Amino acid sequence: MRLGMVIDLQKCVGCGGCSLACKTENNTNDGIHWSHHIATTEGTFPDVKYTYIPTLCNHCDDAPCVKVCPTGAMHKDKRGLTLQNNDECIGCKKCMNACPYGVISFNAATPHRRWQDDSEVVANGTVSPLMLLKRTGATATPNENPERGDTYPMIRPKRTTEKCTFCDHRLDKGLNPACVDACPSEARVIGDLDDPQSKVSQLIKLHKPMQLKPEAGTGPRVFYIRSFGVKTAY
C-alpha cells in the first residue's frame, strides 16, 4: 500500500482553505502550517501569470527524514505514510535538513503561549486569552481538537519537530483528510497508488502527473495534474 494524493491545479483556486482546515484539525502553533503553498508570479505587465501550488508532506517512497532520524521517531507505517513517535523525538533537527521540501517545523516556541496572556483591552469589560481558556475548559487553546490525540499529541511539546501526518487519525476511522474535505472544488483526491483501480492511480494515467523536486530521489507521492492558469486568448 502506497497512499498518496493527486491535486488538480485547474480546479484549485488558491484560497488556502486546505491550510486553514489543517490548522483546525491538528492544533499547530501560530506560525506553523503543515499544509502550505508555493505561489509564483511570472512575466511583465500586461503579460502576467500567477500560480498557486498547495504543498504538504509527500510521504515519500524513500524518505530521507526517516533514514537520518537517530532515534527512529520518524518512521514509515504499513500504509506508506511517514509518521512520527513524537515521544521519542530529541529535537536534533536532522529530519528538517534531510527533507528536500521544507515541510517539517520545529517547536522552538512553547505552543500556544499567546493564550497565557490575561490582559484585557477594556478592563473588566472585554475578556482575555487566559479567561477564554478557563471558560471553555481547553488546555492550551479554545480551538484545540481533541481528536488529534487519538494517534499523536494534541499539543506537541517544545523542542520536537512535526509535520503533516496525512490525517492518519481520520484515515483510521475511515474518514477523509481535513484538507480534502475542505476543498470547494474537490481538487484534492487521496488513495492507494498500488491499486491500479483507485481514483488516484487512474488520474495520473489520464493526465500527465507532475511532482515537486523528483530529482531529489525521494519518490514523493503528492502528484499535480493540469494547470492553474490557461493560455491567453486574443
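All residue numbers refer to positions in the sequence shown, first residue = 1.
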Comparing average C-alpha B factors as deposited, tell me which of 94-102 and 144-152 sits higher. 94-102
With reference to the PDB entry, specify whether the mean Cα temperature factor is higher for 83-91 or for 159-167. 83-91
When the CA B-factors of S185, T55, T51, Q202 are compared as recorded in the entry, which is the largest? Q202
Residue, from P177, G31, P196, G191, that the PDB entry assigns the highest Cα B-factor: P196
Cα B factor band for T40 (lowest, middle or highest third within the chain): middle
Check where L212 lands among this chain's C-alpha B-factors and tell me if it's the lowest, middle or highest third. middle
Which third, lowest, middle or highest, does the C-alpha temperature factor of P111 belong to within its own chain? lowest
In terms of the chain's CA B-factor thirds, is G14 lowest, middle or highest? lowest
